[PDB]
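Next up is one chain by itself, shown in structure tokens, the form solved without the RNA.
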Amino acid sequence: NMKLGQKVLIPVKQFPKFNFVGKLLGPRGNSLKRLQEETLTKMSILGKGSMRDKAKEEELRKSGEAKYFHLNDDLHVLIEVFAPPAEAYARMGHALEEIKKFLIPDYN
């Protein structure tokens, strides 16, 4: 068994008005949690703008604690997997395909 991790950009700069976080979570907040289970991965929204309170986010980023280093990156989904190699890579490929629709706007 091995761990894989892959960041996937949430393209905020490119589409600054689209509610990506709401798209990812769905109206009940369940959607990303469900998708991680469907693909046998773990998926977390990390990076700048990923905390609810902007001021706290800046404090945490300035703290320099390792657990907040992610706050220096652009907003992203981190997909992680732990499985035997062939299966780890397959799960990641599946997750990467499934996440696509949530990372582009669905209206102009």
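Note that the rigid core is defined as the largest set of C-alphas that superpose within 1.5 Å between two forms. Start at 1 with the first residue shown and count on from there. Only residues modelled in both forms are compared.
Note that the form solved in complex with the RNA isn't included here; everything after this is about it.
Interface residue among 25, 12, 90, 96, judged by heavy atoms within 4.5 Å of the RNA in the deposited complex: 25. In the deposited complex, the RNA lies within 4.5 Å of some heavy atom of residue 52. Though the partner is left out of this view, residue 42 does reach within 4.5 Å of the RNA in the deposited complex, counting heavy atoms only. Residue 64 falls outside the set of residues with a heavy atom inside 4.5 Å of the RNA in the deposited complex.
Proximity of residue 33 to the RNA in the deposited complex: non-hydrogen atoms within 4.5 Å are present.
Core-superposed comparison between this form and the one not shown: the Cα of residue 67 travels less than 2 Å. Once you line up the core between this form and the one not shown, the Cα of residue 28 ends up 2 Å or more from where it was. By the rule of 2 Å per CA over three or more consecutive residues, the rigid core superposition between this form and the one not shown yields one shifted run, at 26-29.
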